[PDB]
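Novice: mmCIF, C-alpha atoms, saved as upload_36.cif, coming up:
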data_coords
#
loop_
_atom_site.label_atom_id
_atom_site.label_comp_id
_atom_site.auth_asym_id
_atom_site.auth_seq_id
_atom_site.Cartn_x
_atom_site.Cartn_y
_atom_site.Cartn_z
CA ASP P 1 25.72 95.53 91.95
CA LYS P 2 22.49 96.03 89.98
CA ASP P 3 20.26 97.68 92.59
CA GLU P 4 23.16 99.88 93.73
CA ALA P 5 23.80 101.15 90.20
CA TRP P 6 20.11 101.60 89.38
CA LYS P 7 19.92 103.95 92.38
CA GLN P 8 22.40 106.21 90.57
CA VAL P 9 20.18 106.55 87.49
CA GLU P 10 17.18 107.26 89.70
CA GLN P 11 19.08 110.04 91.48
CA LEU P 12 20.26 111.78 88.31
CA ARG P 13 16.71 111.67 86.95
CA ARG P 14 15.50 112.89 90.34
CA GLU P 15 17.87 115.86 90.09
CA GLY P 16 16.83 116.79 86.55
CA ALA P 17 19.56 115.20 84.43
CA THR P 18 18.20 114.67 80.92
CA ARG P 19 21.09 112.65 79.37
CA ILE P 20 21.98 109.60 81.49
CA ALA P 21 24.01 106.65 80.24
CA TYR P 22 24.33 103.14 81.64
CA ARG P 23 26.88 100.43 80.85
CA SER P 24 26.29 96.70 81.26
CA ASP P 25 26.48 93.39 79.42
CA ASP P 26 23.02 92.05 80.38
CA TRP P 27 20.17 93.43 78.29
CA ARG P 28 17.76 92.86 81.18
CA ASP P 29 20.00 94.93 83.46
CA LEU P 30 20.22 97.65 80.79
CA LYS P 31 16.45 97.67 80.20
CA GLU P 32 15.77 98.25 83.89
CA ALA P 33 18.08 101.27 83.98
CA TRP P 34 16.40 102.43 80.78
CA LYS P 35 13.12 102.53 82.71
CA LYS P 36 14.88 104.33 85.58
CA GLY P 37 15.72 107.22 83.23
CA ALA P 38 18.93 106.36 81.37
CA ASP P 39 18.63 107.22 77.66
CA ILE P 40 21.94 105.79 76.42
CA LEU P 41 22.39 102.05 76.97
CA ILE P 42 26.02 100.95 76.54
CA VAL P 43 26.61 97.29 75.66
CA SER P 44 30.12 96.01 76.36
CA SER P 45 31.66 92.63 75.55
CA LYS P 46 34.77 90.77 76.69
CA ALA P 47 35.52 90.02 73.01
CA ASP P 48 38.32 92.60 72.73
CA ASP P 49 39.94 91.07 75.81
CA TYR P 50 39.83 87.55 74.38
CA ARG P 51 41.23 88.80 71.06
CA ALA P 52 43.99 90.67 72.90
CA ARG P 53 44.88 87.59 74.95
CA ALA P 54 44.70 85.26 71.94
CA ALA P 55 47.11 87.63 70.18
CA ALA P 56 49.48 87.60 73.16
CA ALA P 57 49.33 83.80 73.34
CA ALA P 58 50.31 83.48 69.67
CA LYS P 59 53.63 85.25 70.40
CA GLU P 60 54.63 82.68 73.04
CA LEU P 61 56.82 79.64 72.45
CA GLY P 62 55.63 76.07 71.97
CA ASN P 63 52.35 74.73 70.67
CA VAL P 64 49.91 77.66 70.59
CA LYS P 65 47.16 76.31 68.31
CA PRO P 66 44.79 74.72 70.89
CA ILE P 67 45.01 77.75 73.20
CA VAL P 68 44.58 80.40 70.50
CA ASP P 69 41.50 78.65 69.10
CA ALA P 70 40.06 78.44 72.61
CA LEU P 71 40.53 82.17 73.19
CA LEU P 72 39.21 83.19 69.76
CA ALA P 73 36.24 80.86 70.20
CA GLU P 74 35.32 82.66 73.42
CA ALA P 75 35.72 86.03 71.70
CA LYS P 76 33.24 84.97 69.01
CA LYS P 77 30.74 83.80 71.63
CA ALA P 78 31.23 87.03 73.59
CA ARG P 79 30.60 89.32 70.61
CA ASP P 80 27.75 87.22 69.23
CA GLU P 81 26.18 87.60 72.67
CA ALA P 82 26.65 91.39 72.73
CA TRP P 83 25.01 91.68 69.31
CA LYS P 84 22.04 89.80 70.77
CA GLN P 85 21.76 92.35 73.59
CA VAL P 86 21.69 95.17 71.03
CA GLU P 87 18.85 93.47 69.14
CA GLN P 88 16.92 92.68 72.32
CA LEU P 89 17.12 96.25 73.61
CA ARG P 90 16.03 97.44 70.16
CA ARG P 91 13.26 94.85 70.44
CA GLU P 92 12.17 96.45 73.74
CA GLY P 93 12.07 100.06 72.54
CA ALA P 94 15.49 101.42 73.48
CA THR P 95 16.32 104.25 71.08
CA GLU P 96 20.00 105.02 71.82
CA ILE P 97 22.07 101.83 72.00
CA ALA P 98 25.84 102.18 72.34
CA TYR P 99 28.57 99.64 71.66
CA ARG P 100 32.27 99.92 72.55
CA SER P 101 35.03 98.03 70.72
CA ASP P 102 38.60 98.38 69.49
CA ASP P 103 37.69 96.78 66.13
CA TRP P 104 35.76 99.11 63.82
CA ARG P 105 34.29 96.19 61.86
CA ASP P 106 32.72 94.89 65.08
CA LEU P 107 31.41 98.45 65.51
CA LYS P 108 30.03 98.39 61.96
CA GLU P 109 28.18 95.13 62.62
CA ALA P 110 26.80 96.44 65.91
CA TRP P 111 25.63 99.51 63.99
CA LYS P 112 23.66 97.25 61.65
CA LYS P 113 22.37 95.25 64.64
CA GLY P 114 20.75 98.37 66.13
CA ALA P 115 23.40 100.47 67.88
CA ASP P 116 23.31 104.22 67.26
CA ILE P 117 26.46 105.29 69.16
CA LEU P 118 29.77 103.68 68.17
CA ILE P 119 32.44 103.89 70.87
CA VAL P 120 35.99 103.46 69.56
CA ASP P 121 38.25 102.47 72.46
CA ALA P 122 41.62 101.77 70.83
CA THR P 123 44.56 102.39 73.16
CA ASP P 124 46.80 103.58 70.32
CA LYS P 125 45.78 107.13 69.44
CA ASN P 126 46.65 106.88 65.74
CA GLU P 127 44.94 103.48 65.54
CA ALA P 128 41.75 104.91 67.04
CA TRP P 129 41.77 107.96 64.76
CA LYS P 130 41.96 105.65 61.75
CA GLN P 131 39.02 103.64 63.09
CA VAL P 132 36.99 106.85 63.36
CA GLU P 133 37.78 107.84 59.78
CA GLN P 134 36.92 104.33 58.63
CA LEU P 135 33.58 104.41 60.45
CA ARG P 136 32.81 107.87 59.05
CA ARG P 137 33.27 106.62 55.48
CA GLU P 138 30.83 103.76 56.15
CA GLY P 139 28.15 106.34 56.97
CA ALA P 140 28.29 106.22 60.77
CA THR P 141 26.85 109.42 62.27
CA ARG P 142 27.41 109.18 66.05
CA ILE P 143 31.01 108.20 66.82
CA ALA P 144 32.22 108.31 70.43
CA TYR P 145 35.83 108.31 71.64
CA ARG P 146 37.21 107.64 75.12
CA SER P 147 40.32 109.19 76.66
CA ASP P 148 41.65 110.86 79.80
CA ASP P 149 43.29 113.76 77.93
CA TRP P 150 41.13 116.57 76.57
CA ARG P 151 43.56 117.22 73.72
CA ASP P 152 43.04 113.66 72.48
CA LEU P 153 39.29 114.25 72.59
CA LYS P 154 39.58 117.54 70.72
CA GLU P 155 41.67 115.87 68.01
CA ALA P 156 39.14 113.03 67.86
CA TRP P 157 36.43 115.70 67.71
CA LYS P 158 38.04 117.13 64.56
CA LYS P 159 38.25 113.63 63.02
CA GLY P 160 34.49 113.00 63.22
CA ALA P 161 33.78 111.93 66.80
CA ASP P 162 30.68 113.70 68.16
CA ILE P 163 30.67 112.32 71.74
CA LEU P 164 33.83 112.91 73.81
CA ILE P 165 34.02 110.56 76.80
CA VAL P 166 36.24 111.77 79.64
CA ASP P 167 37.30 108.56 81.42
CA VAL P 168 39.88 108.70 84.22
CA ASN P 169 38.80 105.54 86.07
CA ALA P 170 41.48 103.57 84.19
CA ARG P 171 44.58 105.28 85.59
CA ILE P 172 43.41 105.17 89.21
CA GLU P 173 42.73 101.44 88.90
CA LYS P 174 46.27 100.97 87.56
CA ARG P 175 48.03 103.03 90.24
CA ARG P 176 46.26 100.95 92.90
CA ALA P 188 41.98 106.78 103.16
CA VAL P 189 45.06 106.60 100.90
CA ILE P 190 43.20 104.46 98.36
CA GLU P 191 40.36 106.98 98.59
CA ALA P 192 42.85 109.88 98.43
CA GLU P 193 44.20 108.72 95.06
CA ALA P 194 40.65 108.25 93.78
CA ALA P 195 39.90 111.90 94.59
CA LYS P 196 43.05 113.08 92.78
CA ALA P 197 41.80 111.34 89.63
CA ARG P 198 38.30 112.83 89.93
CA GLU P 199 39.85 116.30 90.18
CA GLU P 200 41.76 115.54 86.98
CA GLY P 201 38.71 114.20 85.14
CA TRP P 202 36.68 117.27 86.09
CA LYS P 203 39.40 119.50 84.61
CA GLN P 204 39.28 117.64 81.29
CA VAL P 205 35.56 118.42 81.06
CA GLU P 206 36.19 122.08 81.90
CA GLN P 207 38.73 122.64 79.13
CA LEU P 208 36.68 120.73 76.56
CA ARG P 209 33.77 123.07 77.34
CA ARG P 210 36.18 126.00 76.97
CA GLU P 211 37.46 124.65 73.64
CA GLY P 212 33.85 124.28 72.51
CA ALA P 213 33.19 120.52 72.67
CA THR P 214 29.51 120.02 71.96
CA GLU P 215 28.74 116.61 73.53
CA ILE P 216 30.96 115.81 76.53
CA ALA P 217 30.46 112.59 78.49
CA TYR P 218 31.92 111.45 81.80
CA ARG P 219 32.37 107.97 83.26
CA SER P 220 31.89 107.19 86.96
CA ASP P 221 29.78 105.08 89.31
CA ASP P 222 28.78 107.73 91.88
CA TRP P 223 25.91 110.09 91.13
CA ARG P 224 27.60 112.95 93.01
CA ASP P 225 30.67 112.58 90.79
CA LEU P 226 28.48 112.73 87.68
CA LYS P 227 26.61 115.68 89.21
CA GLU P 228 29.87 117.56 89.73
CA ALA P 229 31.14 116.68 86.25
CA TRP P 230 27.72 117.87 85.08
CA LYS P 231 28.46 121.17 86.83
CA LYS P 232 31.86 121.43 85.10
CA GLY P 233 30.22 120.92 81.70
CA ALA P 234 29.59 117.23 81.04
CA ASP P 235 26.54 116.64 78.85
CA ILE P 236 26.27 112.84 79.24
CA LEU P 237 26.54 111.31 82.73
CA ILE P 238 27.61 107.70 82.20
CA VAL P 239 26.81 105.26 85.00
CA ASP P 240 29.18 102.29 84.83
CA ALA P 241 28.61 99.32 87.13
CA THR P 242 31.78 97.48 86.07
#
Please go through the file and, once you have read it, give me the structure as structure tokens.
Specialist:
Amino acid sequence: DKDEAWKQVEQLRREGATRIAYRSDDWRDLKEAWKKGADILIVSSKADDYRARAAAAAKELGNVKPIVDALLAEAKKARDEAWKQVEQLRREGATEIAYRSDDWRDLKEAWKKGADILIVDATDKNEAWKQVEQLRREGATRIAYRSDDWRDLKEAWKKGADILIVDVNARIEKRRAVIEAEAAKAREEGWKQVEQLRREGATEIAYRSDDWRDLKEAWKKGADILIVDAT
């Protein structure tokens, strides 16, 4: 939980890591990691999930109106809460707020609320690349993209994305001793993505994990941002 994840930020700062990231939904939890040494504070909301599930519910048979409104109402409350966390962290002194979403207009509003790093996390590659281009034309400077393939991050790099997040903790969770063996096979993959991105010349490479030794090793391979993710 909290005190177990905060120990990861303290260790990276202990070992001389100058770019540490932390992901949470509570601004108080993010502020504490900010004092532990994390410079990028990532706010995440369940709003994309509620929108995805409201969209799936609309394609079912029968009366869908009361259920769709209930899901979209929760999405509004989830995003209006995340925007509050961005303001509160800005109110506290946090300089590098990040926000992840699959809707670029939610990213644009978070950018006006105080977020500096915009994380596009659209599953469709051509849908994400369009969201980058749309954010670029609005004047957004720091666009981040998340993928488990380095070639997707290089293509996103050439579209305007400055931060390239290597995330492989989504395929291991889907495939699932033994369970720890498959986790290691994914970490060996994620470390290779960072290596080739450094070879290709990627300037700002990030890496998602929850263990400081995994972020340390990805830091050895060439990761510039060590993201600590509690969820």
Novice: For residue 8 (chain P), work out the shell of residues within 9 Å, counting all atoms listed in the file and skipping chain neighbours fewer than 3 positions away, then give it as a PyMOL selection string.
Specialist: chain P and resi 4-5+11-13+221-224+239
Novice: Can I get the selection written as a compact mmCIF listing (two decimals), in the coordinates of the input, with C-alpha atoms?
Specialist:
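The new file selection_19.txt reads:
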# COMPACT_ATOMS: atom_id res chain seq x y z
CA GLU P 4 23.16 99.88 93.73
CA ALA P 5 23.80 101.15 90.20
CA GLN P 11 19.08 110.04 91.48
CA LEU P 12 20.26 111.78 88.31
CA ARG P 13 16.71 111.67 86.95
CA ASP P 221 29.78 105.08 89.31
CA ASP P 222 28.78 107.73 91.88
CA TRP P 223 25.91 110.09 91.13
CA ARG P 224 27.60 112.95 93.01
CA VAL P 239 26.81 105.26 85.00
Novice: Step by step, work through what the PyMOL selection byres ((chain P and resi 98) around 10) selects in the shown file, and finish by giving those residues as a PDB file with C-alpha atoms, in the coordinates of the input.
Specialist:
ATOM      1  CA  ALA P  21      24.010 106.650  80.240  1.00  0.00           C
ATOM      2  CA  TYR P  22      24.330 103.140  81.640  1.00  0.00           C
ATOM      3  CA  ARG P  23      26.880 100.430  80.850  1.00  0.00           C
ATOM      4  CA  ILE P  40      21.940 105.790  76.420  1.00  0.00           C
ATOM      5  CA  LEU P  41      22.390 102.050  76.970  1.00  0.00           C
ATOM      6  CA  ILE P  42      26.020 100.950  76.540  1.00  0.00           C
ATOM      7  CA  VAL P  43      26.610  97.290  75.660  1.00  0.00           C
ATOM      8  CA  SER P  44      30.120  96.010  76.360  1.00  0.00           C
ATOM      9  CA  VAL P  86      21.690  95.170  71.030  1.00  0.00           C
ATOM     10  CA  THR P  95      16.320 104.250  71.080  1.00  0.00           C
ATOM     11  CA  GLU P  96      20.000 105.020  71.820  1.00  0.00           C
ATOM     12  CA  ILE P  97      22.070 101.830  72.000  1.00  0.00           C
ATOM     13  CA  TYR P  99      28.570  99.640  71.660  1.00  0.00           C
ATOM     14  CA  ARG P 100      32.270  99.920  72.550  1.00  0.00           C
ATOM     15  CA  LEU P 107      31.410  98.450  65.510  1.00  0.00           C
ATOM     16  CA  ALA P 110      26.800  96.440  65.910  1.00  0.00           C
ATOM     17  CA  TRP P 111      25.630  99.510  63.990  1.00  0.00           C
ATOM     18  CA  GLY P 114      20.750  98.370  66.130  1.00  0.00           C
ATOM     19  CA  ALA P 115      23.400 100.470  67.880  1.00  0.00           C
ATOM     20  CA  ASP P 116      23.310 104.220  67.260  1.00  0.00           C
ATOM     21  CA  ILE P 117      26.460 105.290  69.160  1.00  0.00           C
ATOM     22  CA  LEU P 118      29.770 103.680  68.170  1.00  0.00           C
ATOM     23  CA  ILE P 119      32.440 103.890  70.870  1.00  0.00           C
ATOM     24  CA  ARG P 142      27.410 109.180  66.050  1.00  0.00           C
ATOM     25  CA  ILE P 143      31.010 108.200  66.820  1.00  0.00           C
ATOM     26  CA  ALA P 144      32.220 108.310  70.430  1.00  0.00           C
TER      27      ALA P 144
END
Novice: Determine the residue set returned by the PyMOL selection byres ((chain P and resi 75-79) around 12) for the present structure, and present it as number ranges by chain.
Specialist: P: 25-26, 43-55, 68-74, 80-86, 99-101, 103, 105-107, 109-110, 113
Novice: Name all residues at most 8 Å from residue 232 (chain P) (count only C-alpha atoms; drop same-chain ones fewer than 4 positions away) and give them as a list in words.
Specialist: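 Counting only the stated atoms, we get residues 202, 203, 205, 206 and 228 of chain P.
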Novice: Using the chain letters and numbers from this file, what does the PyMOL selection byres ((chain P and resi 167-174) around 7) select? Give the answer as an MDAnalysis selection string.
Specialist: chainID P and resid 146:148 165:166 175:176 193:194 197 201 218:219
Novice: Restricting it to C-alpha atoms, dump the selection as a CSV table (one decimal), keeping the file's coordinate frame.
Specialist:
chain,number,residue,atom,x,y,z
P,146,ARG,CA,37.2,107.6,75.1
P,147,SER,CA,40.3,109.2,76.7
P,148,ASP,CA,41.6,110.9,79.8
P,165,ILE,CA,34.0,110.6,76.8
P,166,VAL,CA,36.2,111.8,79.6
P,175,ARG,CA,48.0,103.0,90.2
P,176,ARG,CA,46.3,101.0,92.9
P,193,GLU,CA,44.2,108.7,95.1
P,194,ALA,CA,40.6,108.2,93.8
P,197,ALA,CA,41.8,111.3,89.6
P,201,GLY,CA,38.7,114.2,85.1
P,218,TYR,CA,31.9,111.4,81.8
P,219,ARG,CA,32.4,108.0,83.3
Novice: For a quick check of understanding, using only C-alpha atoms, which of P:196, P:59, P:227, P:91 has the smallest distance to residue 14 (chain P)?
Specialist: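 Checking each candidate against residue 14 (chain P), we get P:227 as the closest.
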Novice: Kindly give the distance, in Å, that separates CA of residue 160 (chain P) and CA of residue 133 (chain P), rounded to a single decimal.
Specialist: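 Those two atoms sit 7.0 Å apart.
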Novice: Rounded to one decimal in Å, what is the spacing between CA of residue 132 (chain P) and CA of residue 33 (chain P)?
Specialist: 28.5 Å
Novice: Between P:120, P:37, P:31, P:153, which has the minimum distance to residue 15 (chain P) (counting only C-alpha atoms)?
Specialist: P:37
Novice: Go through P:92, P:104, P:155, P:162 one by one, measure the shortest atom-to-atom distance of each to residue 138 (chain P) using only C-alpha atoms, and give the residue with the smallest value.
Specialist: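 Closest residue, counting only C-alpha atoms: P:104.
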Novice: Give me, please, the distance in Å between CA of residue 34 (chain P) and CA of residue 9 (chain P), quoted to one decimal.
Specialist: 8.7 Å
